[PDB]
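Student: can't give you the sequence, but here's the structure:
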Ligand SMILES: COCCN(C[C@H]1C[C@@H]1C)c1cc(-c2nnc([C@](C)(N)Cc3ccccc3)o2)c(Cl)c(N(C)S(C)(=O)=O)n1
């Protein structure tokens, strides 16, 4: 109810389509920049040279505390890539924990399809583990430096709100950001924030696929990816089921492939005709699972409105991946997500800013009995 972490509430801005970012102050004297909150990577990097899409950038020569590591780094993602120079400098988060640490920082000098026009962020905060850091796992990630250099508890939580901001609570949980109970799923391995999906239902109907397919390769939570990305075989089955459940109105095939958009008169989108999606996650007790339910308001995302027109355009936010399942921002938006690194688990609870209607609401429910969940993981 109360809020000891009140000063961290609403410290995020942005949206699912372009990313959620937090202010971070680097160097001395202070240089504050807007940084993308990214749980799908582990490198802390900031644009360090002028770029058409950047309003500001890190000026290392002006920072007396900057230490050049004399080594370059190249980081490619599923989307975009950048090259920069490695170094370290003092870093603080104005609206985050009351601490200052010396962290590794990559100064981005060149990039390709990474920065996004109009996103308003100039850097990225990789919050995942050292195993996937570049050049290698010896480059300590920011959060690891934070936990080793201070007494801030090894945990952070994210409340991403869609429609235009959110909250990143560092060091704890803020009870005003969620309702009901928090349900935890184990972090299977500490590299990406890997989880295990044991069952998938579309409008209460089991997709009936071998659960190994749901996590083929891996299933991760990435606040820096827009969509719910699914392995080809799973994507096809889910789309066929979703299409059948929303047969009231016919949509072109390209819509389900993100090739076509569909717009409705302002305030007329028939949410009720679209099904809810339930993803069951492995629980903390043997043979016990829980599920998070996703509404169409989540998987149908508004595409940057033309200019206050009488039409709301939407893009299907479920797509395919060849590298496993990715639970992106549209999935996280309906919930308060706790990245409990200390106890190697991720918690989900109904968000205090969950976008629902008078008929249905996003939810987190349990417990359910699910046998042989261990066998759902890929080895
Ligand atoms: C406008 O571009 C489309 C949306 N966007 C940008 C994300 C910022 C918004 C959340 C984005 C980022 C990545 C993606 N790949 N790898 C990552 C990291 C590891 N999070 C790093 C990162 C790279 C580039 C920008 C921001 C962060 O993200 C991916 Cl697969 C996709 N898809 C293809 S999608 C539309 O979601 O199916 N889209």
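Tutor: Looks like it came in fine. Numbers count the residues shown, from 1 in each chain.
Student: pull the number of nearby residues for whichever residue of the stretch 251-379 of the chain sits closest to the ligand.
Tutor: Using Cβ to the nearest ligand atom, the closest approach of the stretch 251-379 of the chain to the ligand is made by residue 319 at 4.3 Å. The way it works is simple: take the backbone N, C-alpha and C, and place the C-beta from them, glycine included. Residue 319 has 19 neighbours, counted by other Cβ atoms under 10 Å.
Student: that one contacts residue 229, correct?
Tutor: Yes - in terms of Cβ atoms under 8 Å, residue 319 counts as a neighbour of residue 229; the distance is 5.5 Å.
Student: and residue 84, what is it in contact with?
Tutor: 45, 48, 72-73, 106-110 (Cβ atoms under 8 Å, 6 or more residues apart in numbering).
Student: circling back: so what does the residue of the stretch 251-379 of the chain closest to the ligand look like in phi/psi?
Tutor: The phi/psi pair for residue 319 (degrees, to the nearest 10) reads phi -140, psi 180.
Student: same check, this time on the one 4 residues further on
Tutor: Per-residue torsions, residue 323: phi -130, psi 30 (degrees, to the nearest 10).
Student: ok, and the closest non-adjacent residue to it?
Tutor: Closest residue to residue 323 apart from its sequence neighbours, by Cβ to Cβ, 6 or more residues apart in numbering: residue 217 at 5.5 Å.
Student: contacting residues for that neighbour?
Tutor: Per Cβ under 8 Å, 6+ apart, neighbours of residue 217: 231, 322-324, 378.
Student: what does the stretch 201-350 of the chain have sitting close to the ligand?
Tutor: When proximity is defined as Cβ under 6 Å from any ligand atom, the stretch 201-350 of the chain approaches the ligand at 222, 224-227, 229, 319, 328-329.
Student: just flag the most distant two among those.
Tutor: Greatest spacing in those, by Cβ to Cβ: 224 and 319 (15.1 Å).
Student: neighbouring strands of the host helix or strand of residue 185 in the sheet, and parallel or not?
Tutor: Using DSSP states H and E, residue 185 sits within strand 178-186. Partners of strand 178-186 in the sheet, by DSSP bridges, are strand 345-351 (antiparallel).
Student: residues in contact with the spatially most central residue of the chain?
Tutor: Geometric centre of the chain, nearest residue: residue 223, 1.1 Å, by Cα atoms, centre = their mean. Counting by Cβ under 8 Å, 6+ apart, residue 223 touches 20, 37-40, 127, 158, 160, 328-329, 332.
Student: and those, which is closest to residue 193?
Tutor: Using Cβ to Cβ, the contacts of residue 223 come closest to residue 193 at residue 39, 5.4 Å.
Student: give me every residue that touches the closest one.
Tutor: Counted by Cβ under 8 Å, 6+ apart, residue 39 has contacts 127-128, 158, 193, 221-224, 339.
Student: cool, and residue 337?
Tutor: Per Cβ under 8 Å, 6+ apart, neighbours of residue 337: 157-160, 221, 346-348.
Student: give the closest residue to the closest residue to the ligand within the stretch 201-350 of the chain in space, chain neighbours not counted.
Tutor: Using Cβ to the nearest ligand atom, the closest approach of the stretch 201-350 of the chain to the ligand is made by residue 224 at 2.8 Å. Among residues not flanking residue 224 along the chain, residue 38 sits closest, at 3.5 Å (Cβ to Cβ, 6+ apart).
Student: pretty sure the one you found contacts residue 132?
Tutor: No - contact criterion Cβ under 8 Å: residue 38 and residue 132 do not qualify, at 11.5 Å.
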